[PDB]
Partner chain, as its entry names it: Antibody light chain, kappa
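A single chain, nothing else alongside it, follows as structure tokens in the form solved without its partner chain.
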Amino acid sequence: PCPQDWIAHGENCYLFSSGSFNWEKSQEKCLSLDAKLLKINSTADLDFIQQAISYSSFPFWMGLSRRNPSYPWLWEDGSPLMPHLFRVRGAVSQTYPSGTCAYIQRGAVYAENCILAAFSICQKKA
């Protein structure tokens, strides 16, 4: 029973943000909706999301981040990235003043400087 404009999968509801902003604003935008940025915990999650994106070439922030390459990638809640899901491609090895953040684009996952603008996906429980 997902709210108005949200998409159901598993326990959760999913929203494609209407705006494209940096990671920090995107995070605050999901929190504003009593939601959080996407957290992919399974292969099913990954393919649901890959499908929902419908061959958009836009980038879509998820809730995965780290402040420099000497920290593990963690979801917003502090949980780790589960191992058999995706490789994080992109700018994995530079250090940016506001951290490195993961997004999904063309079905693959990439790391970039958190101040760059992207669409995002929020989630909350149904």
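Positions refer to the first chain, counted from 1.
The same protein has a further form, the form deposited with its partner chain bound, not shown here; the description that follows concerns it.
Review point. According to a 4.5 angstroms non-hydrogen atom cut-off, is residue 58 in contact with its partner chain in the entry with it bound?
Key: Yes, contact at 4.5 Å.
Point to revise | Proximity of residue 91 to its partner chain in the entry with it bound, heavy atoms at 4.5 Å | key: Because a heavy atom of residue 91 falls inside 4.5 Å of its partner chain in the entry with it bound, the answer is yes.
Exercise for review: Kindly confirm or deny that 73, 79 and 85 each have some heavy atom within 4.5 angstroms of its partner chain in the entry with it bound.
Suggested key: Spot residues vs its partner chain: no contact at all.
Practice item. Can you tell me which bits of 101-126 touch its partner chain in the entry with it bound, meaning any heavy atom within 4.5 Å? Key: Counting only heavy atoms within 4.5 Å of its partner chain in the entry with it bound, the contacting residues of 101-126 are 105, 106, 110, 117.
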